[PDB]
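Content type mmCIF, C-alpha atoms, from the file input_24.cif:
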```
data_model
loop_
_atom_site.group_PDB
_atom_site.id
_atom_site.type_symbol
_atom_site.label_atom_id
_atom_site.label_comp_id
_atom_site.auth_asym_id
_atom_site.auth_seq_id
_atom_site.Cartn_x
_atom_site.Cartn_y
_atom_site.Cartn_z
ATOM 1 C CA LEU Y 1 47.735 -5.025 86.742
ATOM 2 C CA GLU Y 2 45.410 -8.022 87.094
ATOM 3 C CA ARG Y 3 43.403 -7.215 83.954
ATOM 4 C CA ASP Y 4 46.518 -6.872 81.795
ATOM 5 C CA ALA Y 5 47.137 -10.619 82.110
ATOM 6 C CA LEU Y 6 43.554 -11.455 81.158
ATOM 7 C CA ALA Y 7 43.802 -9.273 78.057
ATOM 8 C CA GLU Y 8 47.029 -11.005 77.003
ATOM 9 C CA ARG Y 9 45.659 -14.504 77.586
ATOM 10 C CA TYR Y 10 42.434 -13.687 75.748
ATOM 11 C CA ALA Y 11 44.454 -12.412 72.793
ATOM 12 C CA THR Y 12 46.316 -15.712 72.537
ATOM 13 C CA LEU Y 13 43.131 -17.785 72.819
ATOM 14 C CA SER Y 14 41.339 -15.777 70.126
ATOM 15 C CA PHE Y 15 44.344 -16.171 67.837
ATOM 16 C CA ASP Y 16 44.237 -19.934 68.361
ATOM 17 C CA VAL Y 17 40.520 -20.127 67.553
ATOM 18 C CA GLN Y 18 41.043 -18.175 64.338
ATOM 19 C CA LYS Y 19 43.872 -20.523 63.371
ATOM 20 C CA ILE Y 20 41.619 -23.557 63.809
ATOM 21 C CA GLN Y 21 38.801 -21.966 61.828
ATOM 22 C CA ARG Y 22 41.090 -21.131 58.920
ATOM 23 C CA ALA Y 23 42.515 -24.662 58.973
ATOM 24 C CA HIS Y 24 39.004 -26.043 58.530
ATOM 25 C CA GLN Y 25 38.415 -23.542 55.735
ATOM 26 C CA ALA Y 26 41.581 -24.754 54.009
ATOM 27 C CA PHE Y 27 40.548 -28.407 54.189
ATOM 28 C CA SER Y 28 37.071 -27.584 52.873
ATOM 29 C CA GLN Y 29 38.518 -25.593 49.965
ATOM 30 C CA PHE Y 30 40.853 -28.509 49.288
ATOM 31 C CA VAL Y 31 38.138 -31.146 49.111
ATOM 32 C CA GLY Y 32 36.026 -28.814 46.992
ATOM 33 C CA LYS Y 33 38.798 -28.585 44.404
ATOM 34 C CA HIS Y 34 40.791 -31.787 44.912
ATOM 35 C CA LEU Y 35 39.109 -35.167 45.553
ATOM 36 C CA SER Y 36 38.616 -36.024 41.887
ATOM 37 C CA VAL Y 37 42.206 -37.348 41.778
ATOM 38 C CA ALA Y 38 43.258 -37.490 45.433
ATOM 39 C CA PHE Y 39 45.443 -40.369 46.646
ATOM 40 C CA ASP Y 40 45.650 -42.006 43.220
ATOM 41 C CA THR Y 41 48.671 -43.944 41.967
ATOM 42 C CA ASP Y 42 51.708 -42.014 40.711
ATOM 43 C CA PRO Y 43 51.784 -41.585 36.898
ATOM 44 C CA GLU Y 44 55.530 -40.878 36.640
ATOM 45 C CA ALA Y 45 56.230 -44.473 37.663
ATOM 46 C CA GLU Y 46 53.812 -46.048 35.209
ATOM 47 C CA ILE Y 47 54.892 -43.844 32.305
ATOM 48 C CA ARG Y 48 58.493 -44.805 33.017
ATOM 49 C CA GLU Y 49 57.493 -48.477 32.976
ATOM 50 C CA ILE X 1 33.942 -54.660 23.466
ATOM 51 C CA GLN X 2 34.898 -56.836 26.441
ATOM 52 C CA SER X 3 36.490 -53.857 28.207
ATOM 53 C CA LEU X 4 33.461 -51.686 27.482
ATOM 54 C CA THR X 5 31.242 -54.523 28.727
ATOM 55 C CA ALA X 6 33.183 -55.036 31.958
ATOM 56 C CA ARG X 7 32.836 -51.278 32.432
ATOM 57 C CA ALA X 8 29.143 -51.306 31.430
ATOM 58 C CA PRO X 9 27.516 -52.612 34.646
ATOM 59 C CA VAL X 10 29.997 -50.578 36.682
ATOM 60 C CA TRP X 11 28.921 -47.470 34.781
ATOM 61 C CA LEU X 12 25.242 -48.340 35.159
ATOM 62 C CA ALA X 13 25.596 -48.855 38.916
ATOM 63 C CA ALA X 14 27.480 -45.561 39.116
ATOM 64 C CA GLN X 15 24.668 -43.757 37.290
ATOM 65 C CA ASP X 16 21.999 -45.458 39.414
ATOM 66 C CA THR X 17 23.536 -44.547 42.753
ATOM 67 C CA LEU X 18 24.438 -41.121 41.359
ATOM 68 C CA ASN X 19 20.778 -40.445 40.607
ATOM 69 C CA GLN X 20 19.765 -41.768 44.024
ATOM 70 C CA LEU X 21 22.357 -39.632 45.827
ATOM 71 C CA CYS X 22 21.389 -36.638 43.681
ATOM 72 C CA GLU X 23 17.755 -37.050 44.702
ATOM 73 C CA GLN X 24 18.736 -37.461 48.353
ATOM 74 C CA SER X 25 20.305 -34.006 47.995
ATOM 75 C CA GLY X 26 18.380 -30.808 47.398
ATOM 76 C CA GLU X 27 20.787 -29.643 44.700
ATOM 77 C CA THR X 28 21.146 -31.590 41.463
ATOM 78 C CA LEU X 29 24.581 -32.791 40.352
ATOM 79 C CA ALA X 30 25.946 -32.682 36.802
ATOM 80 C CA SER X 31 29.766 -32.959 36.846
ATOM 81 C CA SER X 32 32.632 -34.283 38.947
ATOM 82 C CA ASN X 33 33.871 -30.860 40.021
ATOM 83 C CA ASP X 34 30.229 -29.993 40.679
ATOM 84 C CA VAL X 35 29.978 -33.034 42.964
ATOM 85 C CA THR X 36 33.060 -31.943 44.906
ATOM 86 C CA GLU X 37 31.729 -28.376 45.090
ATOM 87 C CA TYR X 38 28.514 -29.684 46.622
ATOM 88 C CA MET X 39 30.565 -31.791 49.025
ATOM 89 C CA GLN X 40 32.487 -28.805 50.360
ATOM 90 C CA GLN X 41 29.223 -26.883 50.693
ATOM 91 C CA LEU X 42 27.949 -29.795 52.780
ATOM 92 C CA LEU X 43 30.996 -29.645 55.055
ATOM 93 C CA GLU X 44 30.504 -25.896 55.513
ATOM 94 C CA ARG X 45 26.861 -26.327 56.509
ATOM 95 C CA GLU X 46 27.781 -29.155 58.891
ATOM 96 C CA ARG X 47 30.338 -26.966 60.668
ATOM 97 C CA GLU X 48 27.848 -24.135 61.098
ATOM 98 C CA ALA X 49 25.190 -26.501 62.464
ATOM 99 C CA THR X 50 27.490 -28.019 65.075
#
```

Rendering of file as structure tokens:
Amino acid sequence: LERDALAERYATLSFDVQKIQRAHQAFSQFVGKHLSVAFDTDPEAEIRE
Amino acid sequence: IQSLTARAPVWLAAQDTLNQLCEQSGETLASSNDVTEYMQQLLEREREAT
């Protein structure tokens, strides 16, 4: 009965760690494919002008 | 010509520091997407090291 709780809690913690790791992977993928034009000014506006 | 000239020293400084940064790195850079690819590789290695 005691060890059941530890298994459950460990499951949640491992899930959380995996979530963080994948979030870092996503940001790395992003910057690999993205910075060339990141945060630049909106072209729709200027074309309209 | 004036626009190209105003952009000339900016371009030259870009190339200069690009060469310096390229030499500071083991891998040699050749294109913008290549630069960003190297950057994400650098982040990956940093994460593993920490």

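Within 8 Å of chain X, and using only C-alpha atoms, the residues found on chain Y are residues 28, 29, 31, 32, 33, 34, 35 and 36 of chain Y.
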
Do you know which residues the PyMOL selection byres ((chain X and resi 6-18) around 12) returns on this file, as an NGL selection string?
:X and (1-5 or 19-25 or 28-32 or 35)

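Between atom CA of residue Y:26 and atom CA of residue Y:11 lies a distance of 22.7 Å.
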
Here atom CA of residue Y:23 and atom CA of residue Y:6 stand apart by 25.8 Å

Could you jot down the atom CA of residue Y:25 to atom CA of residue Y:9 separation for me, Å, one decimal place?
24.7 Å
